[PDB]
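This report refers to the structure that appears directly beneath it.
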Amino acid sequence: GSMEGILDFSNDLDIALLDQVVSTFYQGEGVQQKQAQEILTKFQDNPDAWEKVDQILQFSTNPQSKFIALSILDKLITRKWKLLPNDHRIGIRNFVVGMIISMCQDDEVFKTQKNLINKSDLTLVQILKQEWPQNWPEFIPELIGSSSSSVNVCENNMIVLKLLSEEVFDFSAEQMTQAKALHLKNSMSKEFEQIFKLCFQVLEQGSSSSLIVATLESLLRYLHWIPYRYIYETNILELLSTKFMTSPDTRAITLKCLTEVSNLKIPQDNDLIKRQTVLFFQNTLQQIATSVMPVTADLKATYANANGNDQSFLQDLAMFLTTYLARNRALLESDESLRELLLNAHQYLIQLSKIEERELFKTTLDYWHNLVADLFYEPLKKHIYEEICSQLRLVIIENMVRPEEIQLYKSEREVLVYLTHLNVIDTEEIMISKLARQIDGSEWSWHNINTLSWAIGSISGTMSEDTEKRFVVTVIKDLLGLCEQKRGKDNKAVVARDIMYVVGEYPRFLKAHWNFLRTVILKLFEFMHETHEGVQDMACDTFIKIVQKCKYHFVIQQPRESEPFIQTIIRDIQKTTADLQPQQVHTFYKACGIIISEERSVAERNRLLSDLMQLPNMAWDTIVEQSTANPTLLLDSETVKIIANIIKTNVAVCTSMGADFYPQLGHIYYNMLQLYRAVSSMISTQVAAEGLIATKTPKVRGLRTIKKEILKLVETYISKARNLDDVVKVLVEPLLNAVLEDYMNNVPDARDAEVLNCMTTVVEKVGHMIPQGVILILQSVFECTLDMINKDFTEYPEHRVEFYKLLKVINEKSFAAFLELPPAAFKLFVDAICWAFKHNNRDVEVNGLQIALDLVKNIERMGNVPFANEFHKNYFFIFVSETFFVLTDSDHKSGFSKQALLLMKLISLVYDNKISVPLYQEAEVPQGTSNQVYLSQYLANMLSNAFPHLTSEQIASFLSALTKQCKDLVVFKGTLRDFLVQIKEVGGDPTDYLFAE
Amino acid sequence: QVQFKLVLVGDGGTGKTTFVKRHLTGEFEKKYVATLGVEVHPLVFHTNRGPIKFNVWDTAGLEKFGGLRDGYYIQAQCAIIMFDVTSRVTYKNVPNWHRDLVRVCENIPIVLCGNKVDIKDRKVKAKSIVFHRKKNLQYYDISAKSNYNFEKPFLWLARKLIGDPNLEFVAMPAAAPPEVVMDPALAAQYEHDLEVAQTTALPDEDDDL
Amino acid sequence: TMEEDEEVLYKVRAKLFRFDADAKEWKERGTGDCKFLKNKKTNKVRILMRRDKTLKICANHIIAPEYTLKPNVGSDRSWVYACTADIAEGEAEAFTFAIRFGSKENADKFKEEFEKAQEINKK
Ligand SMILES: Cc1ccc(C)c(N2CCN(c3ccc(C(=O)O)cc3NC(=O)c3ccc(Cl)cc3)CC2)c1
Ligand SMILES: Nc1nc2c(ncn2[C@@H]2O[C@H](COP(=O)(O)OP(=O)(O)OP(=O)(O)O)[C@@H](O)[C@H]2O)c(=O)[nH]1
Ligand SMILES: [Br-]
Ligand SMILES: [Cl-]
Ligand SMILES: [Mg+2]
Ligand code: NA
């Protein structure tokens, strides 16, 4: 098309053509917009495009064109600036300053082209970062001088100073060397006295609200770093807290300023400063009460109505009050004349806490947590806040969330527990009266009865046992009445759920009162027959939650009972669980396993485990008979579901019983590993007949589920096993025989990554006791898994993760298995580690770097022997260059800390002389030469080729600092980050690598 | 029509394109194809106050595919900043994206979105996410994959841009669909395309739906 | 909404996919309430499916007598069928659809109701 003409640089630039392309991009649609976009991208990315910038700024009438031109300039200033001759740098500086002053002097352009002026200012600030103050000592005096000549220039100068302060103090850590950041911070600090005088004058002299707002915007940035005396020893505190709070144009920015004032570093022992800290708060809240809204205002309604900037203002007020009071409320607590101020400030927070806005509620909730924790421990404070705490109890109860929202529920519970300790009678009265409002129907709703139930549950354990007993009885009585009142099982189920919820949160009551606990369990068994949605789920969740807390009461013979209640539960288990879904039956069996683990007499525990497992074991025995008689019976989808649900029931009981589960695992183990083999045959058979698509069929996913649940059962047992001698003598050999060859001899798409996970647990727990087993695991899984995952970063994501977890534990527990690899296979191990480094999947990358670290430590342990010397000769420079690759390429930032640690370990090995042989091959360097001198040479050469725009001086200074700092990780990391800044630009100062705090 | 420019910014691989695509077509793209510069797509919601259209500028998060960078933000009326709750670095870069965005767009509604909350191993914990507070950003936990809160960013922005706190998404009108006809000429053609579709497996066969 | 003139014969939660030729892959179109709507003027039964939360239309077509619910190789709880005229995205298009349900029972109930709706549409 015609637009592509701007990309042809052999011709002079048609500005009118550029303006059309830019208009087509910003204002056009679909196909035309997409083409302009690609064209503008290639124009901008042309390394000579910056030469056209002066032409475009002078002769373009499209503000978007000039904006894109300034981006092209910014790319030059931040990256290649130091290549330019000094005369051209002053040229560019002068045309940018000229365009800014020119746009500020024209009222129409100043008003309507704010985008281009702010971009121009940011462009100037990039020049200041390069040139100032060493090649521009008069910048700040001239800016101040130029400020008295015009309101527009003064306002725009406040934008430049704000952006300069952001670039030097807020955003420098990342983007500059430590030495350059220190230089610019000291430079701004040295000239600040002048900057502040101008800012203070504008604030006193007033008039233009747009100038005043921009000055306060720059002040907000200054408050991140300036010393307290500029705030406390001038009239500025009075101005911010009186004049600038009254007008609404300045109020938003002023409140943010006063929040940062509240965070200044300040002397602790000075009564005048204390009075000044009190006074500005007093002034601010007075201006709020008289100019914005009284303490009584309904901020919930105001925020919901969302007129103008009210939402931002109420957020900022919450931020100001919480920040100030968290630091300073003790200044208001002793003086009786400051009591009204302290409670007004808290009453505003109470009103802000009623606003329906999650994130605002969280901000206020963090303050209430701070306050009520202080009232719990600090003497003579609770009585000050009695009426604040009473209102807060209602606010927290009315806002309680389900325990599923873990962080928010945790915070709410903690505040409500502290408040209950401070006044238990007030907490009880509010909860009982909110319950009365559910019963009379005035506040009745599913959300309201759920919220109240969550609140009543959250405070379990805070009352004395007696108070708790009377309260819990009153609440259950009231909810029972409420349940009976209501019509339709929708409503009855909601109240039944909440009864179940509350009872499950009060275990101390249940443990003291056996008859009640028995009735509750029997009632949960009744509800396991209710198909109304949510009820069976809740009956099962409540059963296991009560068992976790009260299990001892199920395992003893309670007086006036024939037997321990666990025997009663087991006897009736067929009848109890008949209407439950499989996953609910598994929770039920898990819960029984928790009870049975309480029985420490071996014979009685084994008998209970036997009785519990009767129904699955009889289903299992009947299936093994048929299945062994005829392998065809297993093809039936119904038989496959029964088998999976037996294995899953075993997994569920083994989860809760761990080491105690062994006799049950013993009953099924050998037939279970024969079933694993038979199922493997059927999957192989089906993929042969149907192709890879077979792996997606319900039949094959059903068979694979049996394999995965078997590996899960064995992994679950071995992870918790106590008798490791039986694991090695009875479990491991048959397990390896059933799973390893089947994994190796399946096509990639039929291999189960769960095999790798199971083997990881085996090596973790008993790796030291099965050295020949670890060798066999590696021979089976290593090359075939590596070939699945070494073509791209995406295929076989589960195999990828479990593979590097398995190499990690083998490298920790049975490093000898890697010594028994032939050299070619040990080379694939090094390749695999380096492959992990290059991953963006953070699980893989992190394991990759840890294996590399542990591998070096394993080699160091061997001391001075052939294998260790051959490791260094063959692989030292591979690890050094691979670690440098991922440090420097900008695509692996998440692993920075472990890349640094690995690189430090490698540099430290040579700097200490802990490597015994020359790292260089014969006749490549004088034969006497130390590894330290060759490492210097190899790295300088490698960095020079990879970063040819760096000087020899930059590279040699970097390597000098790096090797000196290779026992000091935090300083070494700083040197690495300094290097990552300098590779992004030309002409980085080599003295930066000498940086010392 | 009533239209608003929305810029979507954040680190590479956080879910910007996946989130937008889910809203445009309903699909979940599992593959990561890095955006080159910007992808522009119109997106219409039906509200109780009539249709609202977002001109969605879905920008590149990778520095090497950044294209015009802050040139994409010019005349944006609203924005989403996206990070990945499974990747700490992506939350660390939120202040960098916010900085570049507000220098161009000084007074606009902005949603901060922590994507991928469907993933079991969350690395950016609730307690750490406070950047939005002092910057007056709305914050949502989302998942483009589970659809957790996936309407919330656009519902919030629409309430801010229309200036109606009670604005709701409503059911778009559903016309009576036409009659079947069917062509003997395309009969054999239909069998072919149905054969391939029946023998390609539906994705995510372990999901609740 | 344009649903006031219709009775609901069947409602079930489902996920809907469309086959793309270009990429040999299924693409989700929506998840939500799938409804069989009988027009009280014509006695014509359509499928109407809306997305959760946005309530945008992901399926809008007559349950044609000539359509056949086929198994998908990967699922015991899905149907695939060619649709000649779906108006969800606006202009009548042919699609190969797959619809998946929570359970085998919901899939089998869906098929029973879909054949019942085919018989109503034949009259
Ligand atoms: C409808 C329904 C739903 C769920 C449950 C657990 C129940 N329950 C029915 C059995 N329950 C009681 C029935 C009668 C009576 C009585 O005062 O005579 C008492 C209870 N239970 C209690 O008072 C009680 C109180 C507190 C606790 Cl933690 C456990 C039990 C309370 C538990 C009822
Ligand atoms: N688990 C999970 N993965 C997600 C989710 N959203 C997106 N992804 C995946 O994240 C990857 C990257 O998604 P993209 O949308 O391409 O990321 P992006 O932010 O647009 O990337 P750039 O264009 O490079 O900035 C893809 O593999 C998505 O499938 C989510 O909610 N959950
Ligand atoms: Br904060
Ligand atoms: Cl006890
Ligand atoms: Mg993208
Ligand atoms: Na209700």
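If I filter the stretch B:115-137 down to residues being more than 10 Å from chain A (Cβ to nearest Cβ) and away from ligand 3 (no atom under 16 Å from the Cβ), which single residue comes out as nearest to residue A:119 (Cα to Cα)? Per the stated criteria, the residue is B:115.
For the stretch A:501-516, taking the residues that are of a type in the set (A, V, I, L, M, F, W, C), more than 34 Å from the chain's Cα centre (by Cα) and closer than 24 Å to residue A:449 by Cβ, the one that is farthest from ligand 2 (Cβ to nearest atom) is identified as A:516. Put simply, of A:550, A:540, A:483 the only residue that is surrounded by 14 or more Cβ atoms within 10 Å (Cβ to Cβ), more than 16 Å from ligand 3 (Cβ to nearest atom) and without any contact (Cβ under 8 Å) to a residue 24 or more places away in the chain is A:483. The C-beta contact set for the stretch A:15-43 (first residue within 11 Å of chain B (Cβ to nearest Cβ) and within 18 Å of residue B:40 (Cβ to Cβ), second residue surrounded by 18 or more Cβ atoms within 10 Å (Cβ to Cβ) and of a type in the set (D, E, K, R), distance under 9 angstrom, 6+ apart or interchain) comprises A:34/B:39. The residues in the stretch A:418-437 that are part of a helix (DSSP H, G or I) and farther than 17 Å from residue A:475 by Cβ can be counted, and the count is 4. Count of the stretch B:1-31 residues, restricted to those that are part of a helix (DSSP H, G or I), among the basic types (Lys, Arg) and farther than 16 Å from residue C:56 by Cα, is 1. Of all the listed residues (B:72, B:32), the sole one being surrounded by 23 or more Cβ atoms within 10 Å (Cβ to Cβ), more than 16 Å from ligand 4 (Cβ to nearest atom) and not aliphatic (A, V, I, L, M) is B:72.
Residues in the stretch A:947-976 that are without any contact (Cβ under 8 Å) to a residue 40 or more places away in the chain, of a type outside the set (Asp, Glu) and under 17 Å from residue A:896 (Cβ atoms): A:958, A:965, A:970, A:971, A:975.
Restricted to the stretch A:203-220, and to residues there that are closer than 15 Å to residue A:147 by Cα and in contact with an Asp or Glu (Cβ under 9 Å, 6 or more places away or on another chain), the residue that is surrounded by the most Cβ atoms within 10 Å (Cβ to Cβ) is A:215. Per the conditions (1) over 15 Å from residue C:54 (Cα atoms); (2) buried (at least 16 other Cβ atoms within 10 Å of the Cβ); (3) more than 9 Å from every other protein chain (Cβ to nearest Cβ), the sole criterion not satisfied by residue B:162 is (2). One residue is enough: does the stretch A:894-911 have a residue meeting the conditions exposed (fewer than 14 other Cβ atoms within 10 Å of the Cβ) and within 30 Å of residue A:814 (Cα to Cα)? Checked against the condition, which is being exposed (fewer than 14 other Cβ atoms within 10 Å of the Cβ) and within 30 Å of residue A:814 (Cα to Cα), the stretch A:894-911 yields at least one hit. Against the condition small (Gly, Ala, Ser) and touching a residue at least 12 places away in the same chain (Cβ under 8 Å), how does residue A:10 come out, does it pass? No, not satisfied.
For the stretch A:157-188, residues that are assigned to a helix (DSSP H, G or I), in contact with a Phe, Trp or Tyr (Cβ under 8 Å, 6 or more places away or on another chain) and not aliphatic (A, V, I, L, M) total 5. Among all residues of the stretch A:53-63, there is none that is away from chain B (no Cβ under 11 Å), of a type in the set (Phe, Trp, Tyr) and within 30 Å of residue A:134 (Cβ to Cβ).
For the stretch A:342-363, residues that are more than 17 Å from residue A:293 (Cβ to Cβ) and not in a loop (DSSP other than H, G, I, E, B) total 6.
When residues in the stretch B:13-61 are screened for being within 9 Å of ligand 5 (Cβ to nearest atom), of a type in the set (A, V, I, L, M) and out of contact with any helix residue (DSSP H, G or I) (no Cβ under 8 Å at 6 or more places or on another chain), 2 of them pass. Set side by side, the residues B:165, B:153 differ, and just one is over 30 Å from residue C:84 (Cα atoms) and within 18 Å of the chain's Cα centre (by Cα), which is B:153. For beta carbons closer than 8 Å, sequence separation of 6+ or different chains, a first residue in the stretch B:117-128 that is touching a residue at least 40 places away in the same chain (Cβ under 8 Å) and a second that is within 16 Å of ligand 5 (Cβ to nearest atom), the qualifying pairs are B:124/B:83; B:124/B:84; B:124/B:87; B:124/B:90. Does residue A:563 satisfy the condition of being away from ligand 4 (no atom under 16 Å from the Cβ), in a loop (DSSP other than H, G, I, E, B) and within 14 Å of chain C (Cβ to nearest Cβ)? For residue A:563, the condition - away from ligand 4 (no atom under 16 Å from the Cβ), in a loop (DSSP other than H, G, I, E, B) and within 14 Å of chain C (Cβ to nearest Cβ) - is not met. Being under 30 Å from residue B:155 (Cβ atoms), crowded, with 18+ Cβ neighbours inside 10 Å and touching a residue at least 40 places away in the same chain (Cβ under 8 Å) is the requirement here; does residue C:110 meet it? Against the criterion (under 30 Å from residue B:155 (Cβ atoms), crowded, with 18+ Cβ neighbours inside 10 Å and touching a residue at least 40 places away in the same chain (Cβ under 8 Å)), residue C:110 does not qualify.
Every residue, every condition in (1) under 43 Å from the mean Cα position of the chain (by Cα); (2) in contact (Cβ under 8 Å) with a residue 12 or more places away in the chain; (3) part of a helix (DSSP H, G or I), yes or no:
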position: A:567; (1), (2), (3): no, yes, yes
position: A:570; (1), (2), (3): no, yes, yes
position: A:575; (1), (2), (3): no, no, yes
position: A:580; (1), (2), (3): yes, yes, no
position: A:585; (1), (2), (3): yes, yes, yes
position: A:588; (1), (2), (3): yes, yes, yes
position: A:594; (1), (2), (3): yes, yes, yes
position: A:600; (1), (2), (3): yes, no, no
position: A:608; (1), (2), (3): no, yes, yes
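Out of the residues in the stretch A:533-558 that are more than 16 Å from ligand 4 (Cβ to nearest atom) and in contact with an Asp or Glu (Cβ under 8 Å, 6 or more places away or on another chain), state the one that is nearest to residue A:656 (Cα to Cα). Restricting to residues being more than 16 Å from ligand 4 (Cβ to nearest atom) and in contact with an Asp or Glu (Cβ under 8 Å, 6 or more places away or on another chain), the top hit is A:539. Of the residues contained in the stretch B:136-147, none is found to be surrounded by fewer than 16 Cβ atoms within 10 Å (Cβ to Cβ) and touching a strand residue (DSSP E or B) at 6+ places or on another chain (Cβ under 9 Å).
Filtering the stretch B:119-149 down to residues that are part of a loop (DSSP other than H, G, I, E, B) and among the aliphatic types (A, V, I, L, M), which residue is nearest to ligand 5 (Cβ to nearest atom)? By that ranking, first place goes to B:144. Exactly one residue out of A:477, A:549, A:523, A:545 is over 19 Å from residue A:588 (Cβ atoms) and either of a type outside the set (S, T, N, Q) or away from ligand 5 (no atom under 16 Å from the Cβ) (or both): that is A:477. The strands (runs of 3 or more DSSP E) found wholly in the stretch C:13-123 and carrying at least 1 residues that are more than 7 Å from chain B (Cβ to nearest Cβ) and in contact with a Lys or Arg (Cβ under 6 Å, 6 or more places away or on another chain) occupy C:25-39, C:45-50, C:93-101. The set of residues in the stretch A:221-259 being within 25 Å of residue A:172 (Cα to Cα) and surrounded by fewer than 18 Cβ atoms within 10 Å (Cβ to Cβ) consists of A:224, A:225, A:227, A:228, A:229.
Neighbour counts are summed over all protein chains in view; Cβ atoms, including those assigned to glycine, are modelled from backbone coordinates with ideal geometry. A short reminder: the numbers here are calculations on the coordinates, not readings from a lab.
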